[PDB]
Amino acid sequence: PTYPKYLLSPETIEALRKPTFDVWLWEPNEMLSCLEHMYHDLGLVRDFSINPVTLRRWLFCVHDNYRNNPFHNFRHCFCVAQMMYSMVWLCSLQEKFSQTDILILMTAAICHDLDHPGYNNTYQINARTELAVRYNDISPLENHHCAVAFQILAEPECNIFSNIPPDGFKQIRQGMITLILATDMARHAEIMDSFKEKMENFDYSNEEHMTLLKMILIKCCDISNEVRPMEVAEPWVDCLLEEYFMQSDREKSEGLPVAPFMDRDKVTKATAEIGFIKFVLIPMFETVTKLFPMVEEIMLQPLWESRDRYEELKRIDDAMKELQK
């Protein structure tokens, strides 16, 4: 007949494997079925004896623990995991990674921003929040996301890892913590350097090489919005700014220091994006391309187009402002 929304159609199931997937077309229920499909499809349910019902509860609990922020919400979570999913396919990651690593990658992606408050680490630290005090100023947000992820997993009804022997649990947990903590942008240069270092003569047998690679992969997915089609990507930039502005406005009010890139009276969307794409996104994806050449066509291409589009957009903006004076 005509099946409910939570029963993905075979077209959806197919499109889900590509970075082109339009993440705005679905409601939480549908997004949850997509995430559920990914675990079955990647063979994770199979290889780790994941109780199919526990998987649904775990995903619903994860969903319940994401806040209603303009950017750091459940839909962003879906994007990251969905891009990680596309990359497993595009790069044929199952050929180079064990199932244990694929599991670490996917679960970390889904949990990386759990219970995000909507104010970055700088705000937590300057305002001396409970999180900043709890984590001694060390990546308070990322530490918290990871802690909430394991508190959820510690709930028996949500423990998708219930049938994994303790030695495997330890390995997975250590892997997730490492990846989630690797998403704090304050460590971007640091991580990128370590990767590029190993990249000179990459060894898929070297555990430290693989760890860095996995860190780079989750970082890619986390800030992979601009890799998506222009219509899918643009709205996210507005959501992010909306969140940054809310923070700066609050910092202005409470008398805390304000970061220029988050100040309403200073940031112009186009100009800012150009710098981000040009000096953060493109460079990072170029390094990944050396290992997975198919990335250039599938992900570097859209990044270049985005850079161009925004560079043009700025010219139009400058001329417009130049004319108003």
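Sequential numbering from 1, following the sequence displayed.
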Fill in: Residue stretch of maximal mean CA temperature factor, 251-259 vs 80-88
251-259
Worksheet, complete the sentence: Looking only at C-alpha temperature factors in the entry, 27-35 or 263-271, the higher average sits in 263-271
Item to complete: Please pick out which of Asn121, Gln151, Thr183, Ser205 has the largest Cα B-factor as recorded in the entry.
Response: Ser205
Worksheet item: If you rank the chain by CA B-factor, which third does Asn201 end up in: lowest, middle or highest?
Response: highest
Worksheet item: C-alpha B factor of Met246, ranked within the chain: lowest, middle or highest third?
Response: middle
Worksheet entry | Relative C-alpha B-factor of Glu190, binned into the chain's lowest, middle or highest third | middle
Worksheet item: With respect to C-alpha B-factor, does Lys219 fall in the lowest, middle or highest third of the chain as deposited?
Response: lowest
Worksheet item: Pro229: which third of its chain by C-alpha temperature factor?
Response: highest
